[PDB]
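Okay, so here's the structure we're looking at.
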Amino acid sequence: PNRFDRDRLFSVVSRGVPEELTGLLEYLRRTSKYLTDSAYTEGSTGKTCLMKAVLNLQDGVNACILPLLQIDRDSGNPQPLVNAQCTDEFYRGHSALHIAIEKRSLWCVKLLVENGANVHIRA
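Under PDB author numbering, the very last position in the sequence shown is 189; numbers go up by exactly one each time.
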């Protein structure tokens, strides 16, 4: 167990099980390869892992997003995976914080804004 693909991270974050995110931890450290890159995401839209996780939420509580954030911030680059968004023709500038507002959840908005998601991004 050294590698996943984008699909299995998407599947895991869809379910929302934190007990597996530990693996993603080491999968961030090696090969100097990060989640903000174009490989751990789709290529058509640009939907990253955080967006995919948010697009399905257990009523109003999740357990996979937060650990993913402190894992990413430990070795992430310029964009804290929260300042990054889609580069699609249909969706340009649309980031995860817009999704969090759209799904009517105070908690996730709180985490995103306190973790470094600046509210100045044009969708």
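Virtual Cβ for every residue (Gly too), placed ideally from N, Cα, C.
Residues near residue i in its chain [Cβ-Cβ closer than 7 Å; skip 5 each side]
i    : result
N122 : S80
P133 : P84, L87
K113 : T107, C152
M117 : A162, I165
Which listed residue (the options) has its alpha carbon closest to that of residue i
i    : options                : result
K99  : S141, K176, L163       : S141
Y106 : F70, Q136, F156        : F70
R158 : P146, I187, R139, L147 : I187
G126 : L147, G82, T97         : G82
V78  : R139, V185, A129       : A129
CB contact flag (residue i, residue j, <8 Å)
i    : j    : result
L101 : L94  : yes
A183 : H160 : no
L178 : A162 : yes
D154 : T111 : yes
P146 : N181 : yes
Residue i, enclosing alpha helix (DSSP H) - first and last residue
i    : result
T88  : 87 to 95
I137 : 131 to 141
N181 : 172 to 181
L75  : 72 to 81
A119 : 115 to 120
Close-in-space but distant-in-sequence residues of the same chain around residue i (CB under 8 Å, 5 per side omitted)
i    : result
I167 : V175
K169 : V120, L123
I137 : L87, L90, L91, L94
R96  : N68
Beta-ladder partner(s) of residue i, from DSSP
i    : result
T153 : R158
Nonlocal neighbours in the same chain, by C-beta distance under 6 Å from residue i, ignoring five residues either side
i    : result
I131 : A119
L135 : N181
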